[PDB]
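Alright, two takes on the same chain below, each alone as structure tokens: structure 1 and structure 2.
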Structure 1
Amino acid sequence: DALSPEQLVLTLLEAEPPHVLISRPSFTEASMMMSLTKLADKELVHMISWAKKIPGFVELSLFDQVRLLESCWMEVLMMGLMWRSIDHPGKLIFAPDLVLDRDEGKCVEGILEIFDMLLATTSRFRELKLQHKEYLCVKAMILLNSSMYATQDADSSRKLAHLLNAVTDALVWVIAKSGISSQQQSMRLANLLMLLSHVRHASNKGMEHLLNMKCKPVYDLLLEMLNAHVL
């Protein structure tokens, strides 16, 4: 119970996930995917601690929290990937150890399309000159919006709306602080939210390559983390 103007941006700042490290040698196909799996899993753990820290997230329903974390993990992952690779054209800084060149993608099939997508999206964010604050704000919006929107017992859908609300407000706020004119303050918001669907787009393709292995996805797998230990 809070959600203020900057007390949120600063909060979203101090809630950020830790940098994550993976073992490694070198590399080929599974070499790239043995790591990426051990990468996104370590991260998915911190992603939960993260959501947990967004003021009011735990006040929601448990099934809703899991509902939400299940839909965004992929784009939230890629949102942080892009942000880490924003000042590096052609590269995709997956982690302090996992840095991949564009070309290095083709060496494994299907993957190369995504790099083009990420790099393309990353370049757009770069060109817009996305700020650390706007980035913090867009990341949580992705988590608060990615859901299956009732079949009633609504007090969650209320609090959730109030939460997506505060974030969205902080974001128009950040843009306003920028000082530009209302025609531009609006265009900024519009340009940044239109990219979220490109992050969605890239999120769908990726998840499609993922499942294209032999499985069919972290549900309970990280269900008992919201459960008790809260770690």
Structure 2
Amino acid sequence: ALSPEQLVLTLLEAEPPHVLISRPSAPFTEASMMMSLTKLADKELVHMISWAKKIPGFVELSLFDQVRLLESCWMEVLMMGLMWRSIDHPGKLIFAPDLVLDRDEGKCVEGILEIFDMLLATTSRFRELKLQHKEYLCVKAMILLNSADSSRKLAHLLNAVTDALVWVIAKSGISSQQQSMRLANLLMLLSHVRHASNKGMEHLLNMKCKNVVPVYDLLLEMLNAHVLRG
């Protein structure tokens, strides 16, 4: 039972810290770029779990629901983050402050370029809409949450975060109609993010089985998504 203004601040406080990784000394190859990505991701996944647990009410869901939600949305959340980080840097993908990939660098890994392009396209769209930080916080949480006691609780949590986004938009002062248009515009983009994550997951699974990159521990568990698949 918390107001939207209060939930936004809570989300702000829950934001994961920046993961610092750097380009390898030697130039990139398919294998080393992928390696860097998996190393970055494993650290980010750890942070994602901590973030999730700071979302009011999340830990009250069934453990089964908590696992399924994270297993289904993780790549999408990682991508949403990457989009935010890259928002003011056209043509670039800011995976990490010191790991900034240029679009063309996608050529280093077979089939990643078209996905990078998808990523840059959606990022461009968010930039043109002038996505605000607080809006991003709400949307990111929305991605996790939109992915009987526990069901009831989840629906309530999704509603809370939705209400927060509505609140954030309303403080901009624009007309009711433009507020609605903005909201729709943002949510509509979300399907583009989901799409990118679907292609990213497919691609990553390929990279793994083509033994281009080794996938272990937390990343592997989440990628396999055994609990989610049942």
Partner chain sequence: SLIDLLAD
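Reference numbering: structure 1, starting with residue 1. We call the rigid core the largest set of C-alpha positions that still match within 1.5 Å between the two forms.
> Which depiction, structure 1 or structure 2, is to be taken as the form deposited with the partner chain bound?
Of the two, structure 2 is the form deposited with the partner chain bound.
> Choose, among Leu223, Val9, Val20, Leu210, the residue with a C-alpha displacement of 2 Å or more between the two structures when the rigid core is used for superposition.
Just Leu223.
> Keeping the rigid core superposed, can you check how far the CA atom of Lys106 moves between the two structures, in angstrom?
Displacement of the alpha carbon, after core fit: 1.3 Å.
> Can you give the C-alpha shift of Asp41 between the two structures in Å, rounded to one decimal, after superposing the rigid core?
With the rigid core fitted, the alpha carbon of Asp41 is displaced 0.6 Å between the two structures.
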